Amino acid sequence: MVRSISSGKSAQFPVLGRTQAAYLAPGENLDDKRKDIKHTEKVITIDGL
Amino acid sequence: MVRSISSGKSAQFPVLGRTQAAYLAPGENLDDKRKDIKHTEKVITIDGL
Amino acid sequence: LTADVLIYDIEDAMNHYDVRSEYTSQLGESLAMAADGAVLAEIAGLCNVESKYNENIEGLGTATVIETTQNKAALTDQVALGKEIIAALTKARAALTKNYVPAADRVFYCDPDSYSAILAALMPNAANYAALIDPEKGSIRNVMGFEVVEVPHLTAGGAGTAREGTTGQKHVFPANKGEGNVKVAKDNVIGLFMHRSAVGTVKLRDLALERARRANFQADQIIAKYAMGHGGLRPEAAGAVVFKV
Amino acid sequence: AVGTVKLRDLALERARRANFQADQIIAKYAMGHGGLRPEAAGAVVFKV
Amino acid sequence: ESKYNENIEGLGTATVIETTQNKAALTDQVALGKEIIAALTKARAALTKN
Amino acid sequence: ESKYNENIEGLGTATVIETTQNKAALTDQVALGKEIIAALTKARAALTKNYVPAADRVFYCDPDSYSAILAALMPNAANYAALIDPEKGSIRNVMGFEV
Amino acid sequence: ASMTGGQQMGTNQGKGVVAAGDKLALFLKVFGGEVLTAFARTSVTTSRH
């Protein structure tokens, strides 16, 4: 796979994934327990002509 | 001012200036001497909400 | 069972990629995976970890296949493992036949590595003559009455309580054979073999997606949840091939 | 000399909260204020 | 700022200390105005220079 | 990299190690192909857990080791004919790979 | 023969930044042409249920 950008010197891509489901019952608030989908981004750089 | 950007977090604007106007002798080389142009950027960051 | 994403408004403002669809897909996938793992762990555990009870009387046997030779951790070999998996599979057919149940469909569940062993046992180097498996993009095919799926996520899947794996769980794979009088421990697992009609799944309220807007944080959030119960019935149609110690 | 960079500009939104049997109105913006061309900005102070 | 001027020594920063002035010594209402005016003159000069 | 897999337990790259000893202890060349086949199956396995589409995988070798793979297969000795094709040594695939 | 006064569109100069380590250096690293998701995993059931 190849991609084409114009102008800017470096092209950054973002990567992300995975959750965990949960159990709640009749009378407990949801907001108490939650895990954010941790997302990390990876950067590519142009070397020269 | 009041210039407005969408999407991204922070905006930078570059600055540059001045030249020494040249007196070119006849049948003689300009290519040898250029001052060039001085280049500098300045960036502003936004605080949330 | 719940799925949850809460996205701030300021972070959505300066982000330059929509990320909604990806989050929804992520949620659906999460719920599904939980559902699957819960079932696998259910059949293995609840039918090879219980003591003194086999449903009805003489209705079933609940057999569990031990591995030939010394402890497999000692064999530390690629191929030969394949031999043992083949033998074990023959024996499995022997049990599931010894206790009636139609010849088809049935099935087999191993982990990808053991599947690789099964694949390696029938190769040009060893042994002789053509085989059921095709070399190159090896799909195997069948071992008598089995489909050999080779799923990547065996163990766990019980879900429960906190988002972190450790804590209250509804279905579990114990850590050892000695500890709790259980035999199909987490380390001890090559394959599980069930007929089908050998595990129950009960569905009410199905699964649904809905989003809500919460003014207090300026942030709106998608939620996707569902409710259903998993259980096991008829252990004669269930067994498991297991490491030895 | 100095400029303000604004995103989302300024708007206002009205939401209903049921538990207090009342609604609340809320308006926000999001801006950043930087300072540039510092040579062309001076000030007058007294001190000895 | 501290040395951090901008775009080399080509262009220069500005500041006006008020002359022979202590706020406690001033507050004359008349002297103050005079002083702010003079400071303003030097201010315009400095600004125009760059 | 000493450590580091991006996005913890997103995934973690695998480098299949060789069974047997150093090159000085190999280079018979008939055995190298054996080792490449085994390592290739194990690689298909290492890649298969962790997901990634079954379609479109690709393998990069070099002339030497390719001829070695050509040496593991062949009459003597590799039993039933299988994948490889003589008259040029073009390999169809192995486990879901182009070569 | 190498030519000086190249212009150096990117590079900072400034009054004080000194160092002059690297060049370009200044610019922007921008990409929005592609978002990268975690690999989709399927489910082995229902079917065999």
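What the deposited record gives as its method is cryo-EM, and the resolution it gives is 3.5 Å.

Draft legend 1. Layout of the overall build of chain D. Looking only at helices and strands, one finds 0 helices and 3 strands in chain D. Its helices and strands taken in sequence order, chain D reads β-β-β from the N to the C terminus. Projected onto the principal axes, the alpha-carbon positions of chain D cover approximately 60 × 30 × 10 Å. Here chain D, with 48 residues, has 21% of them falling under the buried criterion. Put simply, of all contacts in chain D between residues at least 6 apart along the chain, 46% involve residues at least 24 apart. Per element, the accessible surface of chain D, about 3,500 Å² overall, is 55% carbon and sulfur. The positive charge centre, built from 8 side chains, and the negative charge centre, built from 4, are 3 Å apart in chain D.

Draft legend 2. Fine view of the packing of helix α5 (residues 112-121) of chain C against helix α1 (residues 30-48) of chain F. Relative orientation of the contacting elements α5 of chain C and α1 of chain F amounts to 155°, with a least axis distance of 9 Å. For the element pair α5 of chain C / α1 of chain F, the angle class is roughly antiparallel. Crossing geometry of α5 of chain C relative to α1 of chain F is assigned as right-handed. Residues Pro 112, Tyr 115, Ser 116 and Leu 119 of chain C of α5 of chain C lie in contact with α1 of chain F, whose contacting residues are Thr 41, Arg 44, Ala 45 and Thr 48 of chain F. When its residues are assigned to classes, the contact of α5 of chain C with α1 of chain F shows 4 nonpolar, 3 polar and 1 charged.

Draft legend 3. Representation of α5 of chain C. Counted residue by residue, α5 of chain C has 9 buried out of 10 residues, so it is predominantly covered. Listing the buried residues of α5 of chain C in full gives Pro 112, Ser 114, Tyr 115, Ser 116, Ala 117, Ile 118, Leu 119, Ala 120 and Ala 121 of chain C. Buried residues along α5 of chain C sit in contact with α4 (81-98) and β3 (109-110) of chain C together with α1 of chain F.

Draft legend 4. Representation of the pairing of strand β6 (residues 219-231) of chain C. Residues and elements named next belong to chain C. Sheet analysis places strand β1 (residues 2-4) next to β6, joined by 3 bridges and oriented antiparallel. For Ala 3, the partnering residue across the bridge sits in β6 and is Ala 224. Pairing of strand β5 (residues 200-214) with β6 involves 12 bridges; the strand directions are antiparallel. The residue of β6 that forms the bridge with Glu 210 is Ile 223. Between β5 and β6, which pair antiparallel one after the other, the connecting turn spans 4 residues, and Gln 218 there sits at a positive phi close to 60°.

Draft legend 5. Spotlight on the arrangement of the chains. Here the protein chains form 13 pairs of chains in contact, of which the pair with the most contacts is chains A and C. In this assembly chain A lies apart from chain B, the nearest approach of their C-alpha atoms being 14 Å.

Draft legend 6. Quick look at α4 of chain C. With 18 residues, α4 of chain C should cover 26 Å at 1.5 Å per step; its first-to-last C-alpha distance of 25 Å lies within 8% of that length. Buried residues belonging to α4 of chain C abut β2 (65-66), α3 (72-75), α5, β4 (191-194) and β7 (238-242) of chain C.

Draft legend 7. Focus on the pattern of salt bridges. Inspection of the entire model under this criterion finds 13 salt bridges over all chains. Notably, a salt bridge pairs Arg 163 of chain C with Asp 4 of chain C, separated by 2.2 Å at the nearest N-O pair. In this pair, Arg 163 of chain C is assigned in the loop between α5 and β4 and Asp 4 of chain C in strand β1, connecting sequence segments 159 residues apart. For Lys 72 of chain C, the salt bridge goes to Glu 67 of chain C, with nearest N and O atoms at 3.6 Å. Residue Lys 72 of chain C is classed as buried on the basis of its relative accessible area of 3%. Residue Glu 67 of chain C is classed as buried on the basis of its relative accessible area of 4%. Bridged by salt links that share partners, the residues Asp 31 and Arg 34 of chain A together with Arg 214 of chain C form one connected network.

Draft legend 8. Representation of the packing of α1 of chain F against helix α2 (residues 63-72) of chain F in the model. Residues and elements named next belong to chain F. Running from N to C, α1 and α2 point in directions that differ by 95°, and their axes come no closer than 7 Å. It follows that α1 is roughly perpendicular to α2 by the angle criterion. Contacts from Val 30, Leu 32, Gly 33, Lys 34, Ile 36 and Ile 37 in α1 reach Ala 68, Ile 69, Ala 71 and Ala 72 in α2.

Draft legend 9. Up close: the nonpolar core. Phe 108, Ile 140, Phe 146, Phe 193 and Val 241 of chain C together with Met 95 of chain F are the most contacted members of the largest nonpolar core, which has 32 residues in total. When residues of this core are traced back to their parent elements, those giving at least two are α4 and α5 of chain C together with α1 and α2 of chain F. When residues of this core are assigned to their parent elements, the largest contribution, 5 residues, is made by α4 of chain C. Contact partners of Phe 146 of chain C, with chain neighbours within four places excluded, come to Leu 89, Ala 92, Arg 93, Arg 106, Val 107, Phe 108, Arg 141 and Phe 193 of chain C.

Draft legend 10. Representation of the packing of aromatic side chains. On inspection of all chains with the given rule, the structure shows 4 aromatic pairs over all chains. Pairing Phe 13 of chain A with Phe 31 of chain G gives two aromatic rings, centres 4.4 Å apart and planes at 40°, and the pair type is tilted. Here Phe 31 of chain G lies in the segment before β1 (36-37) and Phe 13 of chain A lies in strand β1 (residues 10-16), a pairing that spans two chains. You can call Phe 13 of chain A buried: its relative accessible area is 17%. On the accessibility criterion, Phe 31 of chain G (11% relative accessible area) is buried. Between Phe 146 of chain C and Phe 193 of chain C the ring centres are 6.3 Å apart and the planes differ by 65°, which places this aromatic pair in the edge-to-face class. One end of the pair, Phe 146 of chain C, is in the loop between α5 and β4; the other, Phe 193 of chain C, is in strand β4, with 47 residues separating them in the sequence. Following the ring pairs from residue to residue traces out a cluster consisting of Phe 108, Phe 146 and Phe 193 of chain C. The positively charged end of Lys 170 of chain C is found above the aromatic ring belonging to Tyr 23 of chain A, 4.4 Å away from the centroid.

Draft legend 11. Here's a closer look at the interface of chain C and chain A. Contacts between chain C and chain A engage 23 residues on the former and 18 residues on the latter. Between chain C and chain A, roughly 2,100 Å² of surface is buried when both sides are summed, and carbon and sulfur atoms account for 55% of that area. Taken together, the links from chain C to chain A amount to 1 salt bridge. Salt-bridge contacts for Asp 31 of chain A lead to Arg 214 of chain C; the nearest nitrogen and oxygen are separated by 3.4 Å.

Draft legend 12. Expanded view of the sheet that holds β1 of chain C. Residue and element names in this part refer to chain C. Spatial ordering of the open sheet is given by β1-β6-β5, a layout of 3 strands whose pairing is antiparallel. Every other strand in the sheet has two partners, leaving β1 and β5 as the edge strands with one partner each. Pairs of neighbouring strands in the sheet enclose a mean axial angle of 15°, with direction left out of account. Relative to the sheet, helix α2 (residues 20-48) contacts β1, β5 and β6, its axis offset from that of β6 by approximately 20°.

Parameters at a glance
Residues numbered from 1 in each chain as written, not as in the entry; some residues may be left out. Chains lettered and ligands numbered in written order. Part of a larger assembly, values for the part shown. Heavy atoms only, no water. Helix = DSSP H or I, 4+ residues; strand = E, 2+ residues; numbered from the N terminus. Buried < 20%, exposed > 50% of the residue type's maximum accessible area, 1.4 Å probe, protein only. Contact = heavy atoms within 4.5 Å. Areas by Shrake-Rupley, 256 points an atom, 1.4 Å probe, with all protein chains shown as cover. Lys, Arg positive; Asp, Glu negative; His and termini not counted. Charge placed at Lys NZ, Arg CZ, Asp CG, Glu CD. Axes fitted to C-alpha atoms, helices over the stretch in contact; angles between N-to-C directions. Parallel < 35°, antiparallel > 145°, perpendicular 65-115°, else oblique. Left-handed = near helix turned anticlockwise from the far one by under 90°. Nonpolar A, V, L, I, M, F, W, Y, C, P; charged D, E, K, R; others polar. Pairing = 2+ DSSP bridges. Expected span 1.5 Å × (residues − 1). Salt bridge = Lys/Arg side-chain N within 4 Å of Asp/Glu carboxyl O. Core = buried A, V, L, I, M, F, W, Y, C linked by side-chain atoms within 4.5 Å. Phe/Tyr/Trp six-rings, centres within 6.5 Å; stacked < 30°, edge-to-face > 60°. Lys NZ or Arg CZ within 6 Å of the ring centre and 35° of its normal. Buried area = accessible area lost by both parts, 1.4 Å probe.

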